[PDB]
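# Reading the structure
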Amino acid sequence: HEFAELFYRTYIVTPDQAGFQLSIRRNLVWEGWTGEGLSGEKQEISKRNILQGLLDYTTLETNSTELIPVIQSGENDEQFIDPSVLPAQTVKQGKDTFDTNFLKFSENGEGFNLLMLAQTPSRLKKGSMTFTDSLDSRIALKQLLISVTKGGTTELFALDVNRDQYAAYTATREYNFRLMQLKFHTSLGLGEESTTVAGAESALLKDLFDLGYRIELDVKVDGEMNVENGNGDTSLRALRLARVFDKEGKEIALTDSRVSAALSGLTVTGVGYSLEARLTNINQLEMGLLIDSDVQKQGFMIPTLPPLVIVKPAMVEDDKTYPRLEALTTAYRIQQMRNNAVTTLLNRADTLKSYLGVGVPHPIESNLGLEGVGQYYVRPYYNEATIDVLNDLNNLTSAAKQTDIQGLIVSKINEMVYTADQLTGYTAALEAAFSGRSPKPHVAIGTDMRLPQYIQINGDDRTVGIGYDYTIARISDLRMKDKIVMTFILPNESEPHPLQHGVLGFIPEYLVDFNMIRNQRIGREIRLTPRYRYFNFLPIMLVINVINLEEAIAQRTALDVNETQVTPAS
Amino acid sequence: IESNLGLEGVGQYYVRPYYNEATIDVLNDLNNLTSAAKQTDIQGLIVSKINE
């Protein structure tokens, strides 16, 4: 039957093997190893599939060569800004947790030796930092902390000074051959929407901001750095409010009453800075990211089933007391092809409801209880919706109700397919599974006898959207009362492939006919022993509930007119 | 032009700098008369803003 065929393609099996065994490949990215401590514990192993990095950005992004200042209470505290101004922030590098903060500006003789100040525990366990270690050619200012004060209120500012025209250290030959210099003179602006580091719009500049004005800060800062031994220093040399502009794009002098009054009482002082520095590793002390692969294999077995019988006396061959064989074949075909398939599909739907909620996808290999091995390769996903036809219809003329309903259903279906494709990554899975073809995701559509008189469209182009294929199969079972089911299918593979919804293990069976003495009674019997089962692979399923379609076609429906508020109420 | 020494960019020595942003709250901001033309109206609304 069509409905059974569409969701689970028949995969014939020669009747001498107990089932079919699947070998699926995988490629893994995973960092570090075992090797910690000294005990009898079993430890653990971390494994991340690379396809997670295809959607999320953190699986494949990691930094092991950054040099982040680390606070230690009582011996490296002086080089850091006062904790009272800004509390320490915790930043994680690899497996070490530590607190960091901006470096205090040097006055006249204070420095900082970045190599021996960025000692994280991971580097500590390896010994003293090797003299051969060198800093990368790129050194740059990451953030400047700038304090604006007026009357006693302090608001800290985190300006992203990185990626500015002169935030990058340059090569210079005046003193040494690997001494890097920073020469940073420009104007730093604070726009009319600029926010503080403490959240929300600033309040110390309300006067200028109300008139839409901005402020240019004259920032001119010099520093030097030696990438051979980490000796370097930085000292801010000026910060001053310089000009004022308006929203028309022209300068406004400070001699006017408004500008002078608004700028009065403002004091700006240098607070700190941060550095983007990567240790150019030459010693190879880094694991980076590893790429390994292992194999997973699953077993599937094909059972036997209770038999169907026909009885008659062994003097008898008729049509009524002995119905022809055709009836037996039809009963077999029905119980095989429709009832079991529908019930297993509904159980699959209920299980997917229970395990994954509604509308919330889980990552790759996030469950091991879900039947099937497609879960190893794509995100599991589930979603529900309800179409209230009495509420969702906007006609304009009673003679076009059919087209309106028809398009309403098609639009919801198309949107659902698009959302599933977006949240699942299914298209990327297809493009990875086969190279040389770019197969459009083929979508199955199944329902009872009622709806397929509305899913088609004759007058509007959209059926599943331009660029998707589809196939509708109608099933007579009453359990499918006004229900819509969708799944992703590829009708090009005749082998169990972990990217199709399901397979139907089929074993051909031939009837047996003999005389049998059943408890001292004599009679002729006919047997048919079926052998099959339905296996589910893909953990992606969509179900749509449609109700109240009956009333809308006959009940007066016209518009939900949004009288969008032009009469005094707001 | 050339008024901004801040921010990275060399092309700002040739063209004025400009940046603006608009958001579309589709739900209450759209025109339909028939459910048969929902998607076309939605498509037109976004294309209009892209033009502007």
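Residues numbered from 1 in each chain as written, not as in the entry; some residues may be left out. Chains lettered and ligands numbered in written order. Part of a larger assembly, values for the part shown. Heavy atoms only, no water.

As recorded in the PDB entry, chain B goes by the name Major head protein, listed as coming from Klebsiella phage vB_KpM_FBKp24. Under its PDB record, the entry appears with the title "Jumbo Phage phi-kp24 empty capsid pentamer hexamers".

Chain A appears in the PDB entry as Major head protein from Klebsiella phage vB_KpM_FBKp24.

## Let's talk about the overall build of chain A
A count of helices and strands for chain A gives eleven helices and 27 strands. For 570 residues, the compact-globule formula gives about 25 Å, and the C-alpha radius of gyration of chain A, at 36 Å, lies well above that figure. Residues counted as buried form 41% of the 570 residues belonging to chain A. Of all intrachain contacts in chain A linking residues separated by at least 6 positions in sequence, the fraction that spans at least 24 positions is 74%. Here chain A contributes 55 positive and 72 negative side-chain charges, whose respective centroids are spaced 7 Å apart. (Helix = DSSP H or I, 4+ residues; strand = E, 2+ residues; numbered from the N terminus. Rg over C-alpha atoms; globule rule 2.2 N^0.38 Å. Buried < 20%, exposed > 50% of the residue type's maximum accessible area, 1.4 Å probe, protein only. Contact = heavy atoms within 4.5 Å. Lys, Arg positive; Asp, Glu negative; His and termini not counted. Charge placed at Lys NZ, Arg CZ, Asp CG, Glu CD.)

## Structural notes on a negative patch on the surface
Residue and element names in this part refer to chain A. Together, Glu75, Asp77, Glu78 and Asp82 give the surface a local cluster of negative charge. In this structure, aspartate 82 sits in the loop between helix 2 (51–55) and strand 5 (89–93). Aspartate 82 sits in the partly exposed class, given a relative accessible area of 49%. (Patch = residues over 30% accessible without salt bridge, like charges linked within 9 Å, V, L, I, M, F, W, Y side chains within 5 Å. Areas by Shrake-Rupley, 256 points an atom, 1.4 Å probe, with all protein chains shown as cover. Salt bridge = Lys/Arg side-chain N within 4 Å of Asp/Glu carboxyl O.)

## Section: empty space enclosed by the protein
Summary: where empty space remains is shown by rolling a probe the size of a single water molecule over the atoms. All names here are of chain A. Counted by the stated rule, this structure contains eight cavities of 30 Å³ or more. Quantified by volume, the largest cavity comes out at close to 90 Å³. Surrounding the largest cavity, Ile146, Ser147, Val148, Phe157, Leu190, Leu205, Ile215, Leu217, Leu241, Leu266 and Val268 form its lining. Ranked by residue count, the leading element in the lining of the largest cavity is strand 9 (residues 134–149), at three residues. By residue class, the composition of the lining of the largest cavity is ten nonpolar, one polar and no charged. (1 Å grid on protein atoms, 1.4 Å probe; cavity = no way out; pocket = protein on both sides within 12 Å on 5 of 7 lines; lining within 4 Å. Points joined across faces, edges and corners; volume = space filled by probe spheres on them. Nonpolar A, V, L, I, M, F, W, Y, C, P; charged D, E, K, R; others polar.)

## Side note on the layout of surface pockets
Approximately 1500 Å³ is the volume found for the largest pocket. Lining the largest pocket are 37 residues, and of these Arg214 and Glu216 of chain A together with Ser3, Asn4 and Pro17 of chain B lie nearest its centre. Per-element accounting of the lining of the largest pocket gives the leading share, six residues, to strand 12 (residues 179–190) of chain A. Within the lining of the largest pocket, the residues separate by chemical class into 13 nonpolar, twelve polar and twelve charged. Of the voids in this model, the second largest pocket is the one considered here, and its volume is about 1300 Å³. Forming the walls of the second largest pocket are 44 residues, and the residues nearest its centre are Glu31, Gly94, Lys95, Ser122 and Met287 of chain A.

## Comments concerning the sheet that holds strand 19 (residues 381–388) of chain A
Pairing between the strands of a sheet is mediated by backbone hydrogen bonds and can be parallel or antiparallel. Residue and element names in this part refer to chain A. The five strands are arranged 19-27-22-20-21 in an open sheet whose pairing can be described as mixed. Edge positions in the open sheet fall to strand 19 and strand 21 (469–474), since each of these has one partner strand only. Direction aside, the axes of adjacent strands within the sheet are offset by 20° on average. In the sheet, strand 19 pairs with strand 27 (residues 540–547) via eight bridges, with the strands oriented parallel. Residue pairing for strand 27: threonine 386 is matched across the bridge by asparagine 545. (Pairing = 2+ DSSP bridges. Axes fitted to C-alpha atoms, helices over the stretch in contact; angles between N-to-C directions.)

## Topic: the interface of chain B and chain A
The partner chain A presents 16 residues to the 15 residues of chain B that form the contact. Summing both partners gives a buried area of about 1300 Å² for chain B against chain A, and 41% of it is carried by carbon and sulfur. For the chain B face of the interface with chain A, the top three residues by lost area are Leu33, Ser35 and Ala36 of chain B, together amounting to 40%. Summed over the shared surface of chain B and chain A, the result is ten residue pairs in polar contact. Residues belonging to the side of chain B that touches chain A are distributed by class as follows: six nonpolar, eight polar and one charged. (Buried area = accessible area lost by both parts, 1.4 Å probe. Polar contact = N/O pair within 3.5 Å; in protein donor to acceptor, adjacent residues only side chain to side chain.)

## Focus on helix 7 (residues 325–356) of chain A
Residues and elements named next belong to chain A. Here helix 7 is 32 residues long and its end C-alpha atoms lie 46 Å apart, about the 46 Å a rise of 1.5 Å per residue gives. Buried residues of helix 7: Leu328, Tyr332, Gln336, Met337, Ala341, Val342, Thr344, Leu345, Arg348, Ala349, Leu352 and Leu356, and no others. Two residues or fewer past helix 7, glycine 357 is found with a positive phi of approximately 65°. (Expected span 1.5 Å × (residues − 1).)

## Regarding the side chain of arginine 123 of chain A
Residues and elements named next belong to chain A. Tracing the chain through its elements places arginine 123 in helix 4 (residues 121–124). Despite being buried, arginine 123 has no salt bridge partner; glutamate 286 is the closest side chain of opposite charge, sitting 5.1 Å away. Not counting chain neighbours up to four residues away, the residues in contact with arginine 123 comprise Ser64, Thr65, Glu66, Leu67, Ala118, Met129 and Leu279.

## Description of the pattern of salt bridges
Residues and elements named next belong to chain A. This structure, assessed with the given rule, holds 14 salt bridges over all chains. Of the charged contacts in the structure, one is a salt bridge between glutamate 110 and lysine 104, with a shortest N-O distance of 3.2 Å. The class for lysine 104 is buried, based on a relative accessible area of 19%. Its salt-bridge partner being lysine 206, residue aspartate 210 comes within 3.3 Å of it at the nearest N-O pair. With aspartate 210 and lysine 206 both in helix 5 (residues 206–210), this residue pair falls four residues apart, about one helical turn. The class of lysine 206 is partly exposed, set by a relative accessible area of 43%. Linked through salt bridges whose partners overlap, the residues forming this network are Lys104, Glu107 and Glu110.

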